[PDB]
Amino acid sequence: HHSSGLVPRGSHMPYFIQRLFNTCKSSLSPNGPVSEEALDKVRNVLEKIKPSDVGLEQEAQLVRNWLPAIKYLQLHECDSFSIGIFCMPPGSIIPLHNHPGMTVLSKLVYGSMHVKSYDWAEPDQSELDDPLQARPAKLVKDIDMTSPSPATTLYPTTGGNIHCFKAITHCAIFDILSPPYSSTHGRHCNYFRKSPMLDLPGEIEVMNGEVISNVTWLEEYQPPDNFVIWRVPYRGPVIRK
């Protein structure tokens, strides 16, 4: 029945993070995902993620034993995409920011957090208006998420390109970005605040006649000073690149 070790199987299924990296390399480009089918292929692998796949099995146990500093682990950065993990202790915050021209696939690896996200009410006015003045945005998501929760996707103008996170328990957010942030290519991680201007309307009529209700007015701004985030080495299974 068995060869007693003489004939091992070999060419085994690459372990999770290797499989995931391999698929990103084939599914992603400097222009973003190659296709929705291609992006779905990355999404199908990412959904199965476990804390042990990325060396976070110990931190995941802090969830059961339930501003503060956030740890950021960079697993890969190339012109085509980046992979990173935010390890957030309870009560920490990733302040409101956007992902210009970018698609981001994200997965809560463990724990619970709150996400609030918006999109501009008039995406076509991005290149024609001053980002330092108040601009109308529509609410997309405003909800707690608790692992296991399906992977989420934001696009350059839909799915909540402007978002913020607040950790409820210890949690880790696994992010795949294509294209990656690049201050050189005009793709900066810009932060935003609610406009303190008084007389801004709650609803508007935009191009077509569509009435956008519950508008939120956002000003570009420097990130808050209590946002402490430290770069930390990835200590999980190695990626063969």
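When you see a residue number, it is the position in the sequence shown, counting from 1.
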{"item": "Per the entry, higher mean C-alpha B factor between 172 to 180 and 191 to 199", "value": "191 to 199"}
{"item": "Of 206 to 214 and 44 to 52, the one with larger mean CA B-factor", "value": "206 to 214"}
{"item": "From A121, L154, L132, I93, residue of greatest CA B-factor", "value": "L132"}
{"item": "Entry-reported Cα temperature factor of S82, expressed as the chain third it lands in", "value": "middle"}
{"item": "Chain-relative CA temperature factor third for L62", "value": "highest"}
{"item": "Chain-wide C-alpha B factor ranking for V115, given as lowest, middle or highest third", "value": "lowest"}
{"item": "Where the record places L139 (Cα B-factor, split into thirds across the chain)", "value": "lowest"}
{"item": "Where the record places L75 (Cα B-factor, split into thirds across the chain)", "value": "middle"}
